[PDB]
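S.K.: The structure follows.
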Ligand SMILES: N#Cc1cc(Cl)cc(Oc2cc(CCNC(=O)CCl)ccc2Cl)c1
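This is the structure we're talking about:
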């Protein structure tokens, strides 16, 4: 009967309709359901049904009054639908329009018919006081609010409804998000007002009501935590709580607001705070804050004190991204087409492991921008980066992993990104050859690190509560301490070899951090490997030494 | 004009895989391509009551754009359904021909169509994606060659009779045609098959040589003046090869290092050590006897960046039992880059694997996941897609396989 075509809808195979029972209700609420439903019945949204309908769904009343229905059982019984709008637009992706109207759609779900074969499963019952008389039975003929398929079937229906208008008006841009509609054009505001009134009529001819108080929304628009002005966008104001004690739940909500502020507030850092959630036992557990964590939140509080605005997108100008180091493994970036009007900002601090270096992190940061740029603008930006081609080319050529280097230009804005040290690719002549080794009994957890050199020196340092792996690093560390500026080390530890060959400049391990400081201070270091327990040169001697 | 009933495996739902974000360039090419496919009845638009999704990508394979569908998840779930020539590796020349357009003449089971659903993404999630499903047999789905099989045998049966020694193997959208003929004769016999296929309405818009394929032997250096480090490296590499070849010895070579010697010190190669090294060079010539291919077990490819445009690979089903090993090299052409070379290598290995065993290997790729997911389509030309995962542990075995 309706002009809108229905979508076929089935239940999951082998499931039947909900048969949930109706709990008794206050006589005051029964009157509200009787009046709302006869008004809904008059409008064709629902229909009284015969006794043979074996299905039911509970209904309630709450506060004008509203009708509320619990379709959870039918929702568990209904087929899955194509998910709708998991992501939302990002205001930095939207393009400037001269005129923008926001249109809310009223009773949006109730304006769309529902598949006739499926309507039997929507049945609900208005209670009779004391069950003295049989209850009044109703079923839905439109998309019930709260049903699993209502959000998607309405959007599909709305798109097909909108199709005729958009063909006659190719210039106008129409966006659909939830029950709202966003219409924009670059026409004269009178002509744009004319086109807006036409669509309201075309929508009204399909049964969709539209704001009659001109257009209720006016700029700025408070939309999904944003603030949309005619020539700027920004986040809604962020409030960071002040508490003597912090629970896991309090921390998670705090990194959330900081994460949100990162898209326009340059310099937000959340690394030290987030590390507090490592154990993550329960949301109730109170986490002692860290001195590093308290400084991070303080610096974020200072940043949030000043306002920031982002700009909209013009496809005629280029896309540019700059990345600046923030230290302690954290990085920040801005994306812009005009030198100080930023489209968006962001952060990146993930280590991706226990030990990394700055060039690897910078390349990872470029990767996160590249993915985000494709999502938002469908293109990749030009990069202005604080690294020199000699630094990056040397790294990506020697790096074992394959990497894509976008076209970029060097910007000399310290701190520049540099390789703090470089191990030798060939052994060093005239340098002492240290044969290192370590050990620790797995049960006693006590151990020792020692060296044996070609010049004849030997040493053993004793070790407590360590593991075979940590001692192998300790032995390498010992040879860096007790050597001159040029040194050749020889180890039997594939674990230690892998960590040093990676050439990290930062680590979660104080030992590896100490080894890094020694490696920087030294001039030339060659690290070499030999199979253990095979009787090769000094490795046999140092093994015997630390074994005794 | 008659469909073949297609069934998913018992208790298996259709694919629900994420569509990857695309650049505005690639979206526009997909929209043009699908608008014309819709005009020809090959696909149709679908509604919200279809929950299934299979990813689509735009590649070039040429100036004109092409659509590629990642039917990997549907292929696993269709599986079932219902022949590989062991001699295709033997032939001196093998040519690959794309015969995938032929599938578009065959209707698909109207019940199975829903599982072919695909989405053209939108930029910035502004609009819901454009959603289609297939009305005809899709390229890239394992069912399409299986359903078209009988028609293919009918069209080839003339040609096979006239040329009984030529071997023809079909894998997905491609025909592999092998001959021991001279190259000019091979290319002539290939053109006859193209014209035979084109005369019968199969449009067919790559020459390999498996005669030259081998498992590479392990190579040891030959130096005029050895050092302590060179012996240690050599003793390290031979120890690794001892896991594979049993006869390797290092006793004589390791004796030359006895004592606590400086790494840069020159160690003369004594006659007993030089014989052990020379003997170990001969053992590396003869391959392992226990390496056999189980059809049930999966093939696994590992790949190592060796620098200067060289990539080593190994294909295996169980550790240290290498069915094939090899090295890839591309002469730099001002566009050569790490992602381009890996993507070319991945395809070369996969083709080699398809000829030899008839299935693609599972790849361990030395690359960060998101970089691969971003850029792999810029150089992909093959019409299939292997499974892959991402190695994050660096190899210290890089030197050994070089
Ligand atoms: N509530 C709301 C809302 C949400 C979105 Cl996601 C878009 C929208 O309207 C538009 C915005 C822009 C971006 C530029 N804006 C302006 O020049 C005036 Cl604020 C362009 C077109 C439309 Cl329709 C409204």
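Chains as they are written, first to last, in full-length UniProt numbering: chain A, 601 to 663, 669 to 1153; chain B, 604 to 664, 667 to 687, 694 to 816, 831 to 1027. Even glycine gets a Cβ: it sits at the ideal position worked out from N, Cα and C.
Confirm the yes/no value for this check: CB of residue 828/A, any heavy atom of ligand 1, distance under 6 Å.
M.R.: For ligand 1, at least one heavy atom lies less than 6 Å from the Cβ of residue 828/A.
S.K.: Got a sec? Which residues, its chain only, sit under 7 Å from residue 624/B by beta carbon, not counting five neighbours each side?
M.R.: For residue 624/B, where only same-chain residues beyond five positions count, the Cβ hits under 7 Å are 732.
S.K.: How should residue 838/B be labelled, buried or exposed, when 16 other C-beta atoms within 10 angstroms of its C-beta is the threshold for buried?
M.R.: When all chains shown are included, residue 838/B counts as exposed.
S.K.: With distances taken from CA atoms, which of 807/B, 901/B and 678/B is nearest residue 726/B?
M.R.: That would be 678/B, whose Cα lies nearest to the Cα of residue 726/B.
S.K.: Less than 6 Å between the CB of residue 610/A and some heavy atom of ligand 1, yes or no?
M.R.: Flag unset: Cβ of residue 610/A not near ligand 1.
S.K.: Any heavy atom of ligand 1 closer than 6 Å to the CB of residue 917/A?
M.R.: The answer is yes for residue 917/A.
S.K.: Just list the beta strand (DSSP E) runs in the stretch 723 to 804 of chain A, keeping only unbroken ones of 3 residues or longer that don't cross its boundaries, in chain order.
M.R.: For the stretch 723 to 804 of chain A, whole beta strand (DSSP E) runs of length 3 or above, ordered along the chain, are 729 to 731, 741 to 745, 778 to 782 and 785 to 790.
S.K.: Taking C-beta to C-beta, are residue 1082/A and residue 1027/A nearer than 7 Å?
M.R.: No.
S.K.: If you reduce the DSSP assignment to three classes, tell me which class residue 1014/A lands in.
M.R.: Reduced to three states, the DSSP call for residue 1014/A is strand.
S.K.: Give the secondary structure of residue 997/B by DSSP, where H, G and I count as helix, E and B as strand, and everything else as coil.
M.R.: In this structure, residue 997/B counts as helix in the three-state DSSP scheme.
S.K.: Nearest-angstrom Cα distance between residue 750/B and residue 610/A?
M.R.: Roughly 30 Å separates the two Cα atoms.
S.K.: Please report the straight-line C-alpha distance between residue 994/A and residue 1015/A, rounded to a whole angstrom.
M.R.: Their Cα atoms are separated by approximately 8 Å.
S.K.: Using only CA atoms, which one of 996/B, 898/B, 845/B and 793/B lies nearest to residue 910/B?
M.R.: Checking every option, the nearest Cα to that of residue 910/B belongs to 845/B.
S.K.: If you follow the alpha helix (DSSP H) that residue 798/B is part of, which residue opens it and which one closes it?
M.R.: 794 to 810 is the extent of the alpha helix (DSSP H) around residue 798/B.
S.K.: Just to check, is the beta-carbon of residue 949/A closer than 6 Å to a non-hydrogen atom of ligand 1?
M.R.: Residue 949/A Cβ: outside cutoff for every heavy atom of ligand 1.
S.K.: Which residues, taken in chain order from the stretch 690 to 711 of chain A, show a beta carbon closer than 7 Å to some beta carbon of chain B?
M.R.: Correct list: 690, 692, 693, 694, 695 and 698.
S.K.: Give me the Cα-Cα distance between residue 1042/A and residue 908/B, rounded to the nearest whole angstrom.
M.R.: Going from the Cα of residue 1042/A to the Cα of residue 908/B covers about 33 Å.
S.K.: Spell out whether any CB of chain A is found under 7 Å from the CB atom of residue 854/B.
M.R.: Taking Cβ atoms only, chain A reaches closer than 7 Å to residue 854/B, which makes this a yes.
S.K.: Relative to the C-alpha of residue 869/B, which candidate in 966/B, 804/B and 913/B has its C-alpha closest?
M.R.: Cα-wise, what sits closest to residue 869/B is 913/B.
S.K.: Measuring only between beta-carbons, confirm whether residue 689/B sits less than 7 Å from chain A.
M.R.: In this structure residue 689/B is absent; chain B steps straight from 687 to 694.
S.K.: Which stretch, first to last residue, makes up the alpha helix (DSSP H) that contains residue 1118/A?
M.R.: Element bounds for residue 1118/A: 1115 to 1126.
S.K.: DSSP state of residue 978/B, grouped into three classes?
M.R.: If DSSP states are grouped into helix, strand and coil, residue 978/B belongs with the helices.
S.K.: Less than 7 Å between the C-beta atoms of residue 875/A and residue 891/A, yes or no?
M.R.: Contact flag unset, no.
S.K.: Taking 6 Å as the cut-off, is the CB of residue 668/A close to at least one heavy atom of ligand 1?
M.R.: Residue numbering in chain A jumps from 663 to 669; residue 668/A, which lies between, is not modelled.
S.K.: Does any heavy atom of ligand 1 sit closer than 6 Å to the C-beta of residue 698/A?
M.R.: False, no ligand heavy atom lies under 6 Å from that Cβ.
S.K.: Taking Cβ-Cβ distances shorter than 8 Å, what residues in chain B pair up with residue 732/A?
M.R.: The contacting residues do not exist; residue 732/A stays about 33 Å from chain B at best.
S.K.: Is it true that the CB of residue 661/A sits closer than 7 Å to the CB of residue 708/A?
M.R.: For residue 708/A and residue 661/A, no; Cβs fall outside 7 Å.
S.K.: Going along the chain, which unbroken runs of the beta strand (DSSP E) with 3 or more residues stay wholly within the stretch 860 to 902 of chain B?
M.R.: Those beta strand (DSSP E) runs which fall completely within the stretch 860 to 902 of chain B and span 3+ residues do not exist here.
S.K.: Does any CB atom of chain B fall closer than 7 Å to the CB of residue 1109/A?
M.R.: By this cut-off, residue 1109/A is not an interface position.
S.K.: Which residues share a DSSP beta bridge with residue 718/A?
M.R.: Partner(s): 747/A.
S.K.: Please name the residues in the stretch 1093 to 1104 of chain A whose beta-carbon is closer than 8 Å to at least one beta-carbon of chain B, in chain order.
M.R.: Answer in chain order: 1093, 1095, 1099, 1102 and 1103.
S.K.: Would you decide whether residue 724/B is buried or exposed? Buried here means 16 or more other CB atoms lie within 10 Å of its CB.
M.R.: Residue 724/B should be labelled buried.
S.K.: Using DSSP with H/G/I as helix, E/B as strand and the rest coil, what is residue 776/B?
M.R.: In this structure, residue 776/B counts as coil in the three-state DSSP scheme.
S.K.: Any heavy atom of ligand 1 closer than 6 Å to the CB of residue 702/A?
M.R.: At least one heavy atom of ligand 1 is nearer than 6 Å to the Cβ of residue 702/A, so yes.
S.K.: Per DSSP, residue 660/B forms a beta bridge with which residues?
M.R.: According to DSSP, which records beta bridges pairwise, residue 660/B is partnered with 673/B.
S.K.: Would you say residue 782/B and residue 705/B are within 7 Å of each other, going by their C-beta atoms?
M.R.: No, the pair does not count as a contact, with Cβ atoms beyond the cut-off.
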